[PDB]
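Residue numbers (the entry's author numbering), protein chains in the order written: chain E, 23 to 187; chain S, 23 to 187; chain G, 23 to 187; chain C, 23 to 187; chain Y, 23 to 187; chain L, 23 to 187; chain P, 23 to 187; chain F, 23 to 187.
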C-alpha cells in the first residue's frame, strides 16, 4: 500500500483580521468520479486511463484540493482571510471544478479545470490547463508535480483576485 | 478493465457576468439507464444492444456530458458565462436529455437527444440526431467520435443561442 | 443476455417556442410490477404470463414509455412544446397508465392502458386497447411491433389533443 | 414459476370531467398481509389456508384490484370519470378494503370486503360477500372466477353510485 | 406450515349514511411483542408461554383484530358507520390494547385487554377478561374460540356504545 | 427457549373521564440496556450480573412494565382513568424509571427505581427500593415475585396520588 | 462473560415537590469512544490503554453515569428535584463530560472530567481529577472503586450547588 | 492491538461566566481522512505515509483534539470559560483545522494546521506549524510528543486570545 497526500502549506503568523474585510470562502472542489475516488490515475492513451491499485490518496482528492487551495490562497493573498468555511454575508465566493489530475503516457502530468468567483453580483469564470514534467518516473514525483502545478494555478487565481480591488 | 472519459476542452481567459444577461446554467444531462450504467453500449440490431463489461466509463456518463457541454459552451460563447451550477436570477436554464450515445454494428456511431432552453421566459425546444463513423477497430476510436459529435451538438446549441436578440 | 430499448424519435429542427403557448407536460407512465420490471413478458394463457430470462429492457419500461411518448407527441404536434419536465403554470398535464405490453400465445402483441388529460380544469380520460402481429416469431419483432403500436396510440392522443383548441 | 394477473377491461371513447361532479378517485385497495403477499391463497379448512409457492401474482394483488376497479368503474359509469389518482376538489373518494380473495377446498371461490364512499360530504359505507364456482381443476380457472367476482362487485358499486341524485 | 386468519364478517347491505352522524373510528389494536408477532402462543404455566413454530397468523394479529373489530361493530351497531380509517372531525375515537390472546395448559383459551373511547371530550376506559373452552385440543379450535370470544367482547363494546346516545 | 411475561391484572366496569381531573398518562417506563435486553438478569456479586440466554422476556420488559403499571393504576384508582396514551390537556403525567428488576444470588429479588409525577403544575419526585424472596428454585418463581413487587410499587404510586387534594 | 453495572442509589421517601422550585436537569454524560463503548479499560502505560474482552458494562457507560449522577444528586441535595428529563423553563442545567474512568498499571483507579452548570444565565465550569486504590486486584474492585469516586465527585458537585442559593 | 489517547489535562477550581465576555466555544477540530481514520500515521517520504494497522487511536483523533484543546484553554485562560458546547449569544467561536499530526522517518514529529476565531464580530485567522523530536524508539513516545505539541499550540491560541482588549 502507498498513500499520498498533497503537502498543505501555511502563511507564517500574519494573523489577518476582518477589519479590512477581504473575505473569501472556498466551496468544495468538485471532481468527477474517475479522480474523486481514492485511486491515482495515469493517462495511457487519448481517452484511455489507468487507475492505480496500491497508489491511493491519503484523504479524498476533493478535500485535499480544497484545503491546499485555502492554504495557497491564504499564503498568496497577504491581508486576506480565506477559509473553507462560511465567513459572513459580505464574503466573496469561489467554486472550483477539476477535470484532470493525472500523468500521461509521455511522462507528463496534467492539471486542468474551471473556477468561478462571485464578488457582490459580479461573476467571473475561467478555465485552466497546465502541464508539468516528471524528473523521475514514479508516482511520488507524479504527486509532487501535481502539487506544484496546483500551487501554480493557485498563484494564477491569486493574481486574478488581486487584479480587481 | 479499461476506462474511458470524454476529453473536456478548455479556453483561455474568459469573460465576466456583471451584465447578468450573459448567464447560462446547464442542468445535469439526463440519460436512460442503458446509458446511465457505467458500461459502453454497442447497438447490434434494430432494438438489440450489447453493454461491454470490461470497457466502462471512467466516471458516470451523464456527469461527463454535463461537464463537456459546459466546457464547449464556455468556449463558443466567449461573451457568456456557462456553468453547471446556478448563477443568478435572470440566469438562463438549459435542460438536455440524451437518448442515444453509442455505436452501431455497421461501424458507425450515433448521438441523439433533445434540449430545452429558457431565455427570459421564452422556452425553446429542439431535438437532434447526429451520426459519425469510426475508422479504426477499437472502443477508443468510438469514444473519440462520440466526443466529437457531442462537441458538434454543443456548437449547434451555441448557434441557436446566438440567434436570439 | 439480450437487452431491448424502444427507438426514440425526433421532430427535425422545428425549434418550437412558447410564444403561442401550447405547453404539454408528461408525467411518469405508471406501469404495474409485471411490466415495470426489467423482464419482457409473453402471455401464454388467459391469465398466465411468462417472464423472459435473458430478454430484458435496456432501461426500465416506464421511463422508455415516457420518453418515447414525449418524442412522438413532439413529432405529431407541430407547434407544441411537449416535455417530460414541468414547463409552467399554464401547461396542460397528461397522465398515462399502461396495463398490457406483451405478446400472446397466438403470436399477437397487445398494448393497452388509460390516459387522462387536464386542460385548465377540463379533465378528459380515455382507455385504449390495440393489437399488432409479428411477421417473425422473435422477441426482436415483438419489441418492434410494441413500438409501432405505441406510435399508433401516440397518434391517437395527438389527434384527440388537436381536436380541442 | 407461474404468474397470474387479473385482466383489466377497457371501454371505447370515454367522457370528460368539465362538469366536476362526474369525478371519482379510487384510493389504493387495501388487503391484509395474507392477500398482500405475492402468493395465491387456498382456504383448506375453517381458519386454515395454504399459500401457493410457485403460483404467484404477476404484480401485487392490491395494485391489480385498484386498477381493475378503476377500469370497471370507468366502463359502467360512462358519464363519470373514475381514476386511481386525485382529480379535483369536488371529486369523490372511494376507499375499498378486501378481506378475502381466494378459493376454498370445496372447489369454490370467495371474495369479501367493505367499501366507503364520500359523495359531497355524505359518507356511505357498505360491506359485501360473493361466492363463485370454478369448474375445471386449475389455478387459472380460480383467477378467472376471482376476476369475474371482482367485476361483479365493481358493478354493485356502480349501481350504488347511480342511486344518488 | 399452518396459517390462521380470524374470520371477518359483514353486515349485509345496510348502506349506512352519515346523515344521522354516528361515526366511529378504530385505531390500531396495540398488542405486545409476544402476541404481535406471527407466532401463535399457548400458555404452559403461570408466566411461562410457548410460541408455536408452524402455527402462525395469516396476517399480523393487530391488523386482524382491528379489521374484525371494525366488522363486528358495523354488524352490532345498526345505523352506525364504523371504519378503521378517519371519518371526520365529529367522529368518536376508540383505542384498544390486547394483553392476552392464547390458550392455557388446562385447554382454556383466554382473551383480555383494555379499551378507551373518546366521545366529544368524554373519555371512558374499561378492561376486560374473557375465557372459552376448546371442544377439541387443536390450534384450529383455539383460533376459532379466540374469534368467538373476540365477537363476545365486540358485543360488550357495542352495548356500552349504545348505552350512551 | 423459555419466555416469561408479567401477568397484566384487570378490573371490572371502570369509570369515565368527563371530569378531566381524573386523568393520568403513564409514559413508557425506561430501563437500562441490561434490563432493556430481552434476557433475564441474575445478580451474582456486588456489581456482577448474569443474563440468561435461554430464559427471555416474552415481549420487551419496558413495555411490559408500562402496561402492568397502567393496569394496576386503573385498578387501585377506580375514580381515575390511567392510560398508556395521551388523554387530554389537564391530564397528569407519570414518568417512571426502573434501575433494577432482577434476582440475587442469595435467592432474593430486587426492584428499584424512581418516578416523577406532574399534578396540575406541581412536580413530585420519589425513589423506591423493594426486596422479595423467591421460595422455590426456578426462574418462574422469580418472575412471579418480580410481578408482585411491581404491583406493590404501583400501589405505592396510587397511595401517593390519593394523598393530594 | 462478566458484565458490570454502577450501583444506583436512592434518597428514601422524601417526595420533594417543585413548590420551592430548586429544579435540576442532567444532560447526557458525554464520554469519548474509548470509554463510551462496552469495554472496560485498564491503563497499562502513559498513553497506552488495554480494552477488556469479557469484562464489559451491563448498560452503556454514559447512561450509567447519567443515572447514577441523578441518583447521587437527588440523595445529596435534600429539597431539590434532580432528573435526567426536562423539568421546566425555570430549571438549571448541568453538562458533564468524563475523560477517564479506568484503572492504572500501579493498581490505582482514576476518574476525571469536566462539568458545566447554567443557572439563569450564570455559567460555572470546573474540571476534576480523582483517584482511588483497589484493595484486591480485580475488575470487581475496580468498578466498585469507580463508583465510590463517582459518588465523591457527585458530593463535590452537590456542595458547589448548595454554595450558591 | 494497541490503543493510544492524548492525556487530557485539568485544572483546579475554575471561574464562572456571568460576565458573558469570558466565553469561548471550541467547535469540533476537523482533520482529513488520513488523520480521521483510527490509525496512527508515519510519514516515510515527502508525500508517502504509512498507517499503522495495530497501533490505533483509543477514540477518534478529532474528538481527542477537541477535548484536549478545551482542557488546555480552560487551564491557560483562568478568567475565561472554554467549552466544547455552545455557551451563549456573545460567546466566541474557535474553528481549528489540523492538516498534519504524525511523525516522520527522521525520528521527528510534525503538527500543522490553521485556526479561526470570532471575537465580537472580528474574525482572526492564523496558521501554525510545529516540530518535535521523539527520543526513544516507540509509538508511545510519538504520541507523547504529539500531545506536547498540541498543548504548545493551545498555549499559542491562548496567547493570541489574551492579546485582545
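Note that beta-carbon positions come from the ideal geometry of N, C-alpha and C, so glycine has one too.
Going residue by residue through the stretch 122–153 of chain G, where are the continuous beta strand (DSSP E) segments of at least 3 residues, counting only ones entirely within it? Those beta strand (DSSP E) runs which fall completely within the stretch 122–153 of chain G and span 3+ residues are 130–141.
Taking the continuous beta strand (DSSP E) assigned at residue 172 of chain P, which residues delimit it? Where residue 172 of chain P is concerned, there is no enclosing beta strand (DSSP E), although the alpha helix (DSSP H) it sits in stretches over 161–185.
Name the DSSP beta bridge partners of residue 95 of chain Y, please? DSSP output for residue 95 of chain Y lists no bridge partner at all.
Quick one: what's got a C-beta closer than 8 Å to residue 27 of chain P's C-beta in the same chain, skipping five residues either side? The answer, listed in chain order, is 79, 80, 81 and 86.
The stretch 118–131 of chain S / the stretch 28–37 of chain E touching (three or more Cβ pairs under 8 Å): With a cut-off of 8 Å on Cβ pairs, the stretch 118–131 of chain S is not in contact with the stretch 28–37 of chain E, counting fewer than three such pairs.
Where does residue 42 of chain G sit, in a helix, a strand or coil, going by DSSP? Helix, per DSSP.
Where residue 89 of chain G meets chain S, residues with beta-carbon distance less than 8 Å: Proximity of chain S to residue 89 of chain G at the Cβ level (cut-off 8 Å) is accounted for by 54, 119 and 121, in chain order.
Beta-carbon proximity check, residue 95 of chain L vs residue 138 of chain L, cutoff 9 Å: In terms of Cβ geometry, residue 95 of chain L and residue 138 of chain L do not form a close pair [threshold 9 Å].
Using 9 Å as the limit for Cβ to Cβ distance, is residue 94 of chain E near chain F? No, residue 94 of chain E does not count as interfacial toward chain F.
Alpha carbon to alpha carbon, how far is residue 107 of chain G from residue 118 of chain G? In this structure, the straight-line span from the alpha carbon of residue 107 of chain G to that of residue 118 of chain G is close to 15 Å.
Between the Cα of residue 186 of chain F and those of F:145, F:53, F:125 and F:24, spot the shortest distance and give me the residue it belongs to. The shortest C-alpha separation from residue 186 of chain F is found at F:145.
Name, please, each residue of chain P whose Cβ falls closer than 8 Å to the Cβ of residue 70 of chain L. Scanning chain P for C-beta atoms nearer than 8 Å to the C-beta of residue 70 of chain L yields 24, 25, 26 and 162, reported in chain order.
Contact set for residue 44 of chain P: own chain, Cβ-Cβ below 7 Å, skip 5 residues either direction: Taken in chain order, the residues that qualify are 101, 102 and 103.
Any C-beta of chain P under 9 Å from that of residue 134 of chain L: Output row for residue 134 of chain L: interface = yes.
So with Cβ pairs under 9 Å, would you call residue 44 of chain Y a contact of chain L? Not closer than 9 Å to any Cβ of chain L, the Cβ of residue 44 of chain Y fails to qualify, so no.
Would you please verify whether the beta carbon of residue 129 of chain L is less than 9 Å from any beta carbon of chain P? Taking Cβ atoms only, chain P never reaches closer than 9 Å to residue 129 of chain L, which makes this a no.
Alpha carbon to alpha carbon, how far is residue 74 of chain G from residue 155 of chain G? Roughly 19 Å separates the two Cα atoms.
Span separating the alpha-carbon of residue 77 of chain P from that of residue 63 of chain P: Rounded to whole angstroms, the separation of the alpha carbons of residue 63 of chain P and residue 77 of chain P is 9 Å.
With DSSP collapsed to three states, give me the class of residue 26 of chain L. Three-state DSSP puts residue 26 of chain L in a strand.
Kindly indicate which residue of Y:30, Y:49, Y:67 and Y:72 has the alpha-carbon position closest to the one of residue 170 of chain Y. The option with the nearest alpha carbon to residue 170 of chain Y is Y:30.
Could you give the DSSP three-state label for residue 113 of chain C: helix, strand or coil? The answer is coil: DSSP assigns residue 113 of chain C none of H, G, I, E or B.
Identify the continuous beta strand (DSSP E) that holds residue 58 of chain E and give its terminal residues. Careful: residue 58 of chain E lies outside any beta strand (DSSP E) and carries neither H nor E.
Need the endpoints of the beta strand (DSSP E) that residue 102 of chain G sits in, please. Where residue 102 of chain G is concerned, there is no enclosing beta strand (DSSP E), given that its DSSP letter is neither H nor E.
Of the choices P:164, P:41 and P:25, whose alpha-carbon is the least far from that of residue 60 of chain P? Among P:164, P:41 and P:25, the Cα nearest to that of residue 60 of chain P is on P:25.
C-beta contact flag for residue 151 of chain Y and residue 122 of chain Y at 9 Å: A contact, by the Cβ cut-off of 9 Å.
So, is the C-beta of residue 67 of chain C closer than 9 Å to a C-beta in chain Y? So, interface residue.
Taking only beta-carbon atoms, is residue 144 of chain L less than 9 Å away from chain P? Yes, residue 144 of chain L counts as interfacial toward chain P.
Beta-carbon separation (whole angstroms), residue 162 of chain E vs residue 40 of chain F, contact threshold 8 Å: Not really, about 57 Å apart at Cβ, beyond 8 Å.
Report the rounded CA-to-CA distance for residue 51 of chain C versus residue 136 of chain C, giving the unit in angstroms. In this structure, the straight-line span from the alpha carbon of residue 51 of chain C to that of residue 136 of chain C is close to 10 Å.
Taking just the CA atoms, how far does residue 177 of chain F sit from residue 157 of chain E? It is roughly 42 Å from the alpha-carbon of residue 157 of chain E to the alpha-carbon of residue 177 of chain F.
Could you tell me whether the Cβ of residue 58 of chain P comes closer than 9 Å to any Cβ of chain F? Chain F, which has a Cβ nearer than 9 Å to the Cβ of residue 58 of chain P, makes this yes.
Taking only three categories from DSSP, how would you classify residue 157 of chain C? For residue 157 of chain C, the three-state secondary structure derived from DSSP is coil.
Candidates P:65, P:126 and P:141: closest to residue 111 of chain P by CA position: Cα-wise, what sits closest to residue 111 of chain P is P:141.
Looking only at its own chain, which residues have a Cβ that is under 6 Å from the Cβ of residue 54 of chain S, when we skip the five neighbours before and after it? Hits under 6 Å: none found.
Cβ closer than 7 Å: which chain G residues qualify as neighbours of residue 108 of chain C? Within chain G, not a single residue places a beta-carbon under 7 Å from that of residue 108 of chain C; the smallest gap is close to 10 Å.
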